[PDB]
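**Student:** Sending over a structure as structure tokens; questions will come in a sec.
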Amino acid sequence: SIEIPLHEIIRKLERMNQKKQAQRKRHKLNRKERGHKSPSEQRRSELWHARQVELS
Amino acid sequence: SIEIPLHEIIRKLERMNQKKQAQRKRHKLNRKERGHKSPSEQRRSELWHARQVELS
Amino acid sequence: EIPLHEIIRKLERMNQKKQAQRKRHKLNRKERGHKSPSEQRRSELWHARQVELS
Amino acid sequence: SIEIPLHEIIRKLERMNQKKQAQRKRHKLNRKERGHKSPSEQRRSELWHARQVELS
RNA sequence: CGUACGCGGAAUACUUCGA
RNA sequence: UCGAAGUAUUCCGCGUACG
RNA sequence: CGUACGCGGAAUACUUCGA
RNA sequence: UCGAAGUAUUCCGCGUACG
């Protein structure tokens, strides 16, 4: 029986997003300071050089 | 197993809302042109003049 | 204070309504004998496959 | 720019919630183990014992 | 005591896209 | 080397609410 | 043929807020 | 007389997508 404006629903999520966003930004930094990468994270990196060095 | 960006869920509800807004705008106008009002839309109006008159 | 439980429930109804909005709307096009360009293909493309089994 | 079935948006929130729900459940059991309560929880508790010992 | 949502504050791991 | 998102395993504090 | 979604485009009615 | 939001009956067109 509560009037829940769409605008008010939108809002709650925007928050849930920027929150969840700020968590990666921080988690990302934490992983750099440890020097950690996920299997995939490595594979992108390695390949990236391969390509661009192979360019000149 | 498709990924659903919150930024999208938002973008969607944003749409739902304007569509829902413009409806009213048209609808509200359509009413005025017939001169129709609701039982609720009456009390408020009547009560407003009465209040507004009871001021001057 | 907006519990998630509500966002859910609010959206539930909305879907179930847009459901009937179609279910009715679909049935309505049938009594006219109207189809979409897309519905023609999906229809005439379908029989060809069935008239070929027996 | 892909279509998003409202069933799936919902399907996401359901999940999301069932998480929130499950953290609180264990987080609650974590407190109970340390015997830690909240100011709110102190009243709620005490203010309940007096309405309990009296009214029966 | 038991149940229920809200919010603010932070870990750790994995995958997917894109230059 | 950058950028974007998604998924799981976690911890802390306060705050209404309901019998 | 049956079934599940998406999108954009409309009418009509009623209620709660707020000056 | 203005602004905002929420619920209801109902209608139309194209698009996929499934067996």
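Residue numbers start at 1 in each chain; chains themselves are named A, B, ... in the order of the structure tokens; ligands are numbered from 1 in the order shown.
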Could you make a table, as CSV, of the residues of chain F that have an atom within 10 Å of an atom of chain B, each with its nearest atom pair and distance in Å to one decimal, counting only C-alpha atoms (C1' of nucleotides), in chain and number order?

**Tutor:**
residue,atom,partner,partner_atom,distance
F:5,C1',B:5,CA,6.2
F:6,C1',B:3,CA,5.5
F:7,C1',B:3,CA,9.1

**Student:** Put chain D on top of chain B with a least-squares fit on all C-alpha atoms, paired in order, and send it back as a compact mmCIF listing (two decimals) with N, CA, C and O atoms, in the first residue's frame.

**Tutor:**
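Dumped everything to part_23.txt:
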# COMPACT_ATOMS: atom_id res chain seq x y z
N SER D 1 20.90 -15.51 -18.53
CA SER D 1 22.31 -15.90 -18.18
C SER D 1 23.39 -14.98 -18.80
O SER D 1 24.59 -15.30 -18.75
N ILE D 2 22.96 -13.85 -19.37
CA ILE D 2 23.87 -12.75 -19.76
C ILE D 2 23.96 -11.75 -18.59
O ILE D 2 23.01 -11.58 -17.81
N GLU D 3 25.12 -11.09 -18.48
CA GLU D 3 25.35 -10.07 -17.46
C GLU D 3 24.52 -8.81 -17.74
O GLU D 3 24.37 -8.39 -18.89
N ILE D 4 23.98 -8.22 -16.68
CA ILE D 4 23.14 -7.03 -16.85
C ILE D 4 23.64 -5.81 -16.05
O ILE D 4 23.36 -5.70 -14.85
N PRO D 5 24.35 -4.87 -16.73
CA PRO D 5 24.87 -3.67 -16.05
C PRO D 5 23.75 -2.93 -15.35
O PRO D 5 22.73 -2.61 -15.97
N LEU D 6 23.92 -2.68 -14.07
CA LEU D 6 22.91 -1.98 -13.31
C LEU D 6 22.59 -0.64 -13.93
O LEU D 6 21.50 -0.12 -13.75
N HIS D 7 23.55 -0.07 -14.66
CA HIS D 7 23.30 1.19 -15.35
C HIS D 7 22.15 1.02 -16.33
O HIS D 7 21.39 1.96 -16.55
N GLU D 8 22.02 -0.18 -16.89
CA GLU D 8 21.03 -0.46 -17.93
C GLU D 8 19.63 -0.75 -17.38
O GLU D 8 18.63 -0.32 -17.96
N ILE D 9 19.56 -1.50 -16.29
CA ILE D 9 18.33 -1.68 -15.54
C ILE D 9 17.76 -0.30 -15.29
O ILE D 9 16.62 -0.02 -15.64
N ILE D 10 18.58 0.54 -14.67
CA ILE D 10 18.21 1.92 -14.39
C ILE D 10 17.76 2.55 -15.69
O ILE D 10 16.63 3.02 -15.79
N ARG D 11 18.63 2.50 -16.70
CA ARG D 11 18.35 3.06 -18.01
C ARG D 11 16.99 2.62 -18.57
O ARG D 11 16.38 3.34 -19.37
N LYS D 12 16.52 1.45 -18.15
CA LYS D 12 15.21 0.96 -18.56
C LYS D 12 14.11 1.67 -17.80
O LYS D 12 13.16 2.19 -18.39
N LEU D 13 14.25 1.70 -16.48
CA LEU D 13 13.25 2.32 -15.62
C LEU D 13 13.06 3.78 -15.97
O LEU D 13 11.93 4.23 -16.13
N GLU D 14 14.17 4.50 -16.11
CA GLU D 14 14.14 5.87 -16.58
C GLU D 14 13.15 5.97 -17.71
O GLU D 14 12.15 6.66 -17.58
N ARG D 15 13.42 5.24 -18.80
CA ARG D 15 12.52 5.20 -19.96
C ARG D 15 11.09 4.97 -19.51
O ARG D 15 10.25 5.86 -19.59
N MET D 16 10.84 3.75 -19.03
CA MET D 16 9.55 3.34 -18.53
C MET D 16 8.80 4.44 -17.81
O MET D 16 7.60 4.63 -18.03
N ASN D 17 9.50 5.14 -16.93
CA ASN D 17 8.91 6.23 -16.17
C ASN D 17 8.55 7.36 -17.11
O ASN D 17 7.39 7.77 -17.17
N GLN D 18 9.53 7.83 -17.88
CA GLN D 18 9.34 8.94 -18.81
C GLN D 18 8.18 8.72 -19.76
O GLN D 18 7.67 9.68 -20.34
N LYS D 19 7.76 7.46 -19.92
CA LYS D 19 6.51 7.11 -20.58
C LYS D 19 5.33 7.44 -19.67
O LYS D 19 4.53 8.32 -19.99
N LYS D 20 5.23 6.75 -18.54
CA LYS D 20 4.16 6.99 -17.57
C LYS D 20 3.92 8.49 -17.43
O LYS D 20 2.81 8.95 -17.65
N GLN D 21 4.98 9.22 -17.12
CA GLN D 21 4.98 10.69 -17.05
C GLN D 21 4.33 11.39 -18.24
O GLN D 21 3.64 12.39 -18.07
N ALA D 22 4.57 10.89 -19.45
CA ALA D 22 4.15 11.58 -20.66
C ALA D 22 2.70 11.29 -21.03
O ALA D 22 2.06 12.11 -21.68
N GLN D 23 2.21 10.12 -20.63
CA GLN D 23 0.80 9.76 -20.82
C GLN D 23 -0.06 10.65 -19.95
O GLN D 23 -1.00 11.28 -20.43
N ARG D 24 0.28 10.69 -18.67
CA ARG D 24 -0.43 11.51 -17.69
C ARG D 24 -0.54 12.96 -18.12
O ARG D 24 -1.61 13.55 -18.03
N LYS D 25 0.57 13.53 -18.61
CA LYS D 25 0.62 14.90 -19.13
C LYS D 25 -0.46 15.17 -20.18
O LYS D 25 -1.19 16.15 -20.08
N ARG D 26 -0.55 14.30 -21.19
CA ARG D 26 -1.54 14.47 -22.25
C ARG D 26 -2.94 14.01 -21.81
O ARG D 26 -3.93 14.69 -22.06
N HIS D 27 -3.01 12.86 -21.15
CA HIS D 27 -4.26 12.39 -20.60
C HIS D 27 -4.93 13.51 -19.79
O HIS D 27 -6.13 13.72 -19.90
N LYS D 28 -4.13 14.25 -19.01
CA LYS D 28 -4.60 15.41 -18.23
C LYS D 28 -5.17 16.49 -19.14
O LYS D 28 -6.22 17.06 -18.86
N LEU D 29 -4.47 16.76 -20.24
CA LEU D 29 -4.91 17.75 -21.21
C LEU D 29 -6.16 17.26 -21.96
O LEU D 29 -6.99 18.08 -22.36
N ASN D 30 -6.30 15.95 -22.13
CA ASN D 30 -7.50 15.35 -22.73
C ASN D 30 -8.75 15.57 -21.88
O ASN D 30 -9.83 15.81 -22.44
N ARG D 31 -8.60 15.48 -20.56
CA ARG D 31 -9.70 15.68 -19.61
C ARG D 31 -10.09 17.13 -19.62
O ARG D 31 -11.25 17.46 -19.83
N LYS D 32 -9.10 17.98 -19.37
CA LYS D 32 -9.29 19.43 -19.38
C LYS D 32 -10.11 19.90 -20.60
O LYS D 32 -10.98 20.78 -20.46
N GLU D 33 -9.86 19.31 -21.77
CA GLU D 33 -10.61 19.61 -22.99
C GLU D 33 -12.07 19.19 -22.94
O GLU D 33 -12.95 19.90 -23.43
N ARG D 34 -12.34 18.02 -22.35
CA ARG D 34 -13.71 17.54 -22.20
C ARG D 34 -14.37 18.16 -20.96
O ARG D 34 -15.58 17.99 -20.74
N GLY D 35 -13.57 18.89 -20.17
CA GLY D 35 -14.04 19.51 -18.93
C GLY D 35 -14.32 18.53 -17.80
O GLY D 35 -14.84 18.91 -16.75
N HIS D 36 -13.98 17.27 -18.02
CA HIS D 36 -14.20 16.20 -17.06
C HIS D 36 -13.21 16.27 -15.89
O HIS D 36 -12.00 16.37 -16.08
N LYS D 37 -13.76 16.21 -14.67
CA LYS D 37 -12.97 16.16 -13.45
C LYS D 37 -13.31 14.92 -12.62
O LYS D 37 -14.28 14.22 -12.89
N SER D 38 -12.50 14.66 -11.61
CA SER D 38 -12.71 13.52 -10.76
C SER D 38 -13.25 14.03 -9.44
O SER D 38 -12.98 15.18 -9.07
N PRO D 39 -14.03 13.20 -8.73
CA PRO D 39 -14.42 13.54 -7.37
C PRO D 39 -13.24 14.12 -6.57
O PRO D 39 -13.33 15.25 -6.08
N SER D 40 -12.14 13.38 -6.49
CA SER D 40 -10.93 13.88 -5.85
C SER D 40 -10.60 15.28 -6.37
O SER D 40 -10.37 16.19 -5.58
N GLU D 41 -10.63 15.44 -7.69
CA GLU D 41 -10.27 16.70 -8.33
C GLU D 41 -11.25 17.83 -8.05
O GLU D 41 -10.88 18.99 -8.11
N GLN D 42 -12.49 17.48 -7.76
CA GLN D 42 -13.49 18.49 -7.43
C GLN D 42 -13.19 19.15 -6.09
O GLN D 42 -13.08 20.37 -6.02
N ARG D 43 -13.04 18.34 -5.05
CA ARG D 43 -12.57 18.81 -3.75
C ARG D 43 -11.31 19.62 -3.93
O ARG D 43 -11.34 20.84 -3.83
N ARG D 44 -10.21 18.92 -4.21
CA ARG D 44 -8.90 19.53 -4.45
C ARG D 44 -9.02 20.93 -5.04
O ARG D 44 -8.38 21.86 -4.56
N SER D 45 -9.85 21.06 -6.07
CA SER D 45 -10.12 22.33 -6.71
C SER D 45 -10.88 23.26 -5.78
O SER D 45 -10.33 24.28 -5.35
N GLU D 46 -12.12 22.90 -5.45
CA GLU D 46 -12.99 23.74 -4.62
C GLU D 46 -12.38 24.04 -3.26
O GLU D 46 -12.26 25.20 -2.86
N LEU D 47 -11.99 22.97 -2.56
CA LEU D 47 -11.36 23.04 -1.25
C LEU D 47 -10.09 23.92 -1.26
O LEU D 47 -9.59 24.33 -0.21
N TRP D 48 -9.60 24.22 -2.46
CA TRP D 48 -8.46 25.11 -2.65
C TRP D 48 -8.88 26.57 -2.82
O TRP D 48 -8.22 27.47 -2.30
N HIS D 49 -9.97 26.80 -3.56
CA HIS D 49 -10.51 28.15 -3.80
C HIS D 49 -10.87 28.88 -2.50
O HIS D 49 -10.65 30.08 -2.37
N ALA D 50 -11.44 28.13 -1.55
CA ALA D 50 -11.84 28.68 -0.26
C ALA D 50 -10.65 28.99 0.63
O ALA D 50 -10.65 30.00 1.33
N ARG D 51 -9.63 28.13 0.61
CA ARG D 51 -8.36 28.41 1.29
C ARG D 51 -7.56 29.52 0.57
O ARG D 51 -6.59 30.05 1.13
N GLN D 52 -7.98 29.85 -0.65
CA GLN D 52 -7.32 30.88 -1.47
C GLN D 52 -7.96 32.27 -1.30
O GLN D 52 -7.26 33.25 -1.03
N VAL D 53 -9.27 32.34 -1.48
CA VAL D 53 -10.03 33.59 -1.33
C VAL D 53 -9.96 34.16 0.11
O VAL D 53 -10.04 35.38 0.30
N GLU D 54 -9.78 33.27 1.09
CA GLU D 54 -9.69 33.64 2.51
C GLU D 54 -8.34 34.20 2.94
O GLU D 54 -8.25 35.34 3.42
N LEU D 55 -7.30 33.39 2.77
CA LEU D 55 -6.00 33.61 3.43
C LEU D 55 -5.15 34.81 2.93
O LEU D 55 -4.20 35.22 3.62
N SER D 56 -5.48 35.39 1.78
CA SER D 56 -4.74 36.56 1.25
C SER D 56 -5.29 37.90 1.77
O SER D 56 -4.53 38.74 2.26

**Student:** Measure the distance from atom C1' of residue G:12 to atom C1' of residue H:8 in Å and round it to one decimal.

**Tutor:**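 Atom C1' of residue H:8 lies 10.2 Å from atom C1' of residue G:12.
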
**Student:** Could you pull out the alpha helix (DSSP H) residues of chain D from DSSP and send them as a ChimeraX atom specification?

**Tutor:** /D:6-34,39-55

**Student:** Could you produce a table of the residues of chain C lying within 10 Å of chain D, with the nearest pair of atoms per residue and their separation in Å rounded to one decimal, using only C-alpha atoms, ordered by chain and increasing residue number, as JSON lines?

**Tutor:**
{"residue": "C:3", "atom": "CA", "partner": "D:17", "partner_atom": "CA", "distance": 9.2}
{"residue": "C:4", "atom": "CA", "partner": "D:17", "partner_atom": "CA", "distance": 6.4}
{"residue": "C:5", "atom": "CA", "partner": "D:17", "partner_atom": "CA", "distance": 7.4}
{"residue": "C:7", "atom": "CA", "partner": "D:13", "partner_atom": "CA", "distance": 8.1}
{"residue": "C:8", "atom": "CA", "partner": "D:10", "partner_atom": "CA", "distance": 5.8}
{"residue": "C:9", "atom": "CA", "partner": "D:10", "partner_atom": "CA", "distance": 8.7}
{"residue": "C:10", "atom": "CA", "partner": "D:10", "partner_atom": "CA", "distance": 9.7}
{"residue": "C:11", "atom": "CA", "partner": "D:10", "partner_atom": "CA", "distance": 6.9}
{"residue": "C:12", "atom": "CA", "partner": "D:10", "partner_atom": "CA", "distance": 7.3}
{"residue": "C:14", "atom": "CA", "partner": "D:6", "partner_atom": "CA", "distance": 8.8}
{"residue": "C:15", "atom": "CA", "partner": "D:6", "partner_atom": "CA", "distance": 6.5}
{"residue": "C:16", "atom": "CA", "partner": "D:7", "partner_atom": "CA", "distance": 9.6}
{"residue": "C:18", "atom": "CA", "partner": "D:6", "partner_atom": "CA", "distance": 10.0}

**Student:** Between atom CA of residue C:2 and atom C1' of residue E:6, what distance in Å does the model show, to one decimal?

**Tutor:**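 So the answer is 7.4 Å.
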
**Student:** Mind running chain E against chain A at 9 Å and telling me each contacting residue's nearest atom pair with the distance in Å (one decimal), counting only C-alpha atoms (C1' of nucleotides), chain and number ascending, as CSV?

**Tutor:**
residue,atom,partner,partner_atom,distance
E:11,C1',A:27,CA,8.7
E:13,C1',A:38,CA,8.6
E:14,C1',A:38,CA,7.1
E:15,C1',A:40,CA,7.9

**Student:** Residues of chain H within 8 Å of chain C: nearest atom pair and distance (Å, one decimal) for each, counting only C-alpha atoms (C1' of nucleotides), sorted by chain and number, as CSV?

**Tutor:**
residue,atom,partner,partner_atom,distance
H:11,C1',C:25,CA,7.8
H:14,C1',C:36,CA,7.1
H:15,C1',C:38,CA,7.7

**Student:** Dump as number ranges by chain the residues of chain C that approach chain G to within 12 Å, counting only C-alpha atoms (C1' of nucleotides).

**Tutor:** C: 15, 18-19, 22-23, 39-40, 42-50

**Student:** Those same residues - N, CA, C and O atoms - I'd like them written as an mmCIF file, in the first residue's frame.

**Tutor:**
data_model
loop_
_atom_site.group_PDB
_atom_site.id
_atom_site.type_symbol
_atom_site.label_atom_id
_atom_site.label_comp_id
_atom_site.auth_asym_id
_atom_site.auth_seq_id
_atom_site.Cartn_x
_atom_site.Cartn_y
_atom_site.Cartn_z
ATOM 1 N N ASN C 15 4.939 -6.934 -14.755
ATOM 2 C CA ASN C 15 5.180 -7.932 -15.779
ATOM 3 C C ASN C 15 3.902 -8.706 -16.069
ATOM 4 O O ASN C 15 3.466 -8.778 -17.221
ATOM 5 N N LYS C 18 1.590 -6.612 -18.125
ATOM 6 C CA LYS C 18 2.036 -6.490 -19.507
ATOM 7 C C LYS C 18 1.881 -7.826 -20.220
ATOM 8 O O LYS C 18 1.793 -7.870 -21.444
ATOM 9 N N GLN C 19 1.839 -8.902 -19.434
ATOM 10 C CA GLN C 19 1.522 -10.241 -19.926
ATOM 11 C C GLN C 19 0.102 -10.334 -20.467
ATOM 12 O O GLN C 19 -0.097 -10.700 -21.623
ATOM 13 N N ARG C 22 -0.582 -8.368 -23.525
ATOM 14 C CA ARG C 22 -0.238 -9.104 -24.735
ATOM 15 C C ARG C 22 -1.241 -10.205 -24.999
ATOM 16 O O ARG C 22 -1.836 -10.246 -26.069
ATOM 17 N N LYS C 23 -1.430 -11.092 -24.022
ATOM 18 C CA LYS C 23 -2.353 -12.219 -24.161
ATOM 19 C C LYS C 23 -3.702 -11.799 -24.751
ATOM 20 O O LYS C 23 -4.208 -12.450 -25.668
ATOM 21 N N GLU C 39 5.112 -12.784 -38.669
ATOM 22 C CA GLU C 39 4.210 -13.903 -38.361
ATOM 23 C C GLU C 39 3.872 -14.758 -39.577
ATOM 24 O O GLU C 39 3.590 -15.948 -39.434
ATOM 25 N N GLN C 40 3.889 -14.137 -40.759
ATOM 26 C CA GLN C 40 3.647 -14.817 -42.035
ATOM 27 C C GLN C 40 4.700 -15.874 -42.267
ATOM 28 O O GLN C 40 4.385 -17.056 -42.412
ATOM 29 N N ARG C 42 7.107 -17.061 -40.168
ATOM 30 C CA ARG C 42 7.041 -18.042 -39.070
ATOM 31 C C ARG C 42 5.861 -19.020 -39.176
ATOM 32 O O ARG C 42 5.840 -20.055 -38.504
ATOM 33 N N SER C 43 4.893 -18.682 -40.029
ATOM 34 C CA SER C 43 3.745 -19.539 -40.299
ATOM 35 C C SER C 43 3.944 -20.382 -41.566
ATOM 36 O O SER C 43 3.949 -21.609 -41.492
ATOM 37 N N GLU C 44 4.117 -19.730 -42.716
ATOM 38 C CA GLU C 44 4.292 -20.435 -43.995
ATOM 39 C C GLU C 44 5.600 -21.204 -44.053
ATOM 40 O O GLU C 44 5.727 -22.172 -44.798
ATOM 41 N N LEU C 45 6.574 -20.747 -43.280
ATOM 42 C CA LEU C 45 7.856 -21.424 -43.135
ATOM 43 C C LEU C 45 7.702 -22.701 -42.300
ATOM 44 O O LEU C 45 8.504 -23.630 -42.415
ATOM 45 N N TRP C 46 6.657 -22.739 -41.477
ATOM 46 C CA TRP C 46 6.420 -23.838 -40.539
ATOM 47 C C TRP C 46 5.703 -25.043 -41.174
ATOM 48 O O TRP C 46 6.104 -26.187 -40.950
ATOM 49 N N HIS C 47 4.654 -24.781 -41.958
ATOM 50 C CA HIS C 47 3.865 -25.840 -42.612
ATOM 51 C C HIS C 47 4.700 -26.702 -43.550
ATOM 52 O O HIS C 47 4.532 -27.922 -43.589
ATOM 53 N N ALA C 48 5.582 -26.051 -44.311
ATOM 54 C CA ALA C 48 6.458 -26.718 -45.272
ATOM 55 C C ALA C 48 7.209 -27.864 -44.610
ATOM 56 O O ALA C 48 7.396 -28.917 -45.212
ATOM 57 N N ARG C 49 7.611 -27.646 -43.360
ATOM 58 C CA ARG C 49 8.330 -28.633 -42.560
ATOM 59 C C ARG C 49 7.427 -29.784 -42.097
ATOM 60 O O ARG C 49 7.894 -30.914 -41.911
ATOM 61 N N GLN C 50 6.140 -29.485 -41.919
ATOM 62 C CA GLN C 50 5.155 -30.452 -41.417
ATOM 63 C C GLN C 50 4.514 -31.292 -42.529
ATOM 64 O O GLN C 50 4.264 -32.487 -42.342
#
